[PDB]
């Protein structure tokens, strides 16, 4: 059983998959109150009841991203042992991810349920820079918009509660120190079970970026990690009360 009550990272294994969970308050300079993250063999839960918040850098907008991930997170220079990632984007035939979730929050709190990867030029960077890409997939949001600007929409299928559906996803693009792409489901889901193939988002991203002058050789970048969590807060958020539960996690990475 894993229990954390302060910012930090612990590795664990769930359904035979080696994973990391991070009680991630990366952009929070100070806070009072309580946070707790737990993995009990069947589920991962996170709860926060915090006040007196202020950001380290308001320019990053959100305050934190409690999450768990598969693979190598560059910014943390960390991966649990046993992960098949990182791998070149081109070598990924498919990558299915499935999880069920239940999110709760006080109504006013900016928050999303978002998964993400980082595509980098070298296999094990400790940062993302020009030439690299951050890609997020947002299934839920409340009082929070992705960064950058909305440029397109894509129809991409996924399985929602066991039913195969066609979702409409907005693609938001930002050119920061790296390229930021966020696909945002237009009909947000606060609770349910989803399964989809990450390769669909990577193919949509390769096209969106096909005429880029910063990102070269997209399919040769390393697909480093798959993070699943909830970003929350804005530069004005003073307190945050919210929590979630994730269950039924599985993946199927098919590598060329």
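Positions refer to the first chain, counted from 1.
Asks: Going by the B-factors listed in the PDB entry, is the mean over the C-alpha atoms higher for 160-168 or for 177-185?
Replies: Mean B over CA atoms: larger for 160-168.
Asks: Which is higher on average in the deposited entry, the C-alpha temperature factors of 134-142 or of 150-158?
Replies: Result of the comparison: 150-158.
Asks: Going by the entry, which third of its chain does the Cα temperature factor of residue 236 land in?
Replies: Within its chain, residue 236 is a highest-third residue by C-alpha B-factor, going by the deposited values.
Asks: Please rank the C-alpha B-factors of the chain's modelled residues and tell me whether residue 117 sits in the lowest, middle or highest third.
Replies: For residue 117, the deposited C-alpha B-factor lands in the lowest third.
Asks: Compare the C-alpha B factor of residue 204 with those of the other modelled residues in its chain, then answer lowest, middle or highest third.
Replies: According to the entry, residue 204 has a C-alpha B-factor in the chain's middle third.
Asks: Would you mind checking where the Cα B-factor of residue 15 ranks among the modelled residues of its chain, as the lowest, middle or highest third?
Replies: Highest third - that is where residue 15 ends up once the chain's C-alpha B-factors are sorted.
Asks: Quick check on the deposited entry: does the C-alpha B-factor of residue 93 sit in the lowest, middle or highest third of its chain?
Replies: For residue 93, whose C-alpha B-factor we compare with every modelled residue in the chain, the answer is the highest third.
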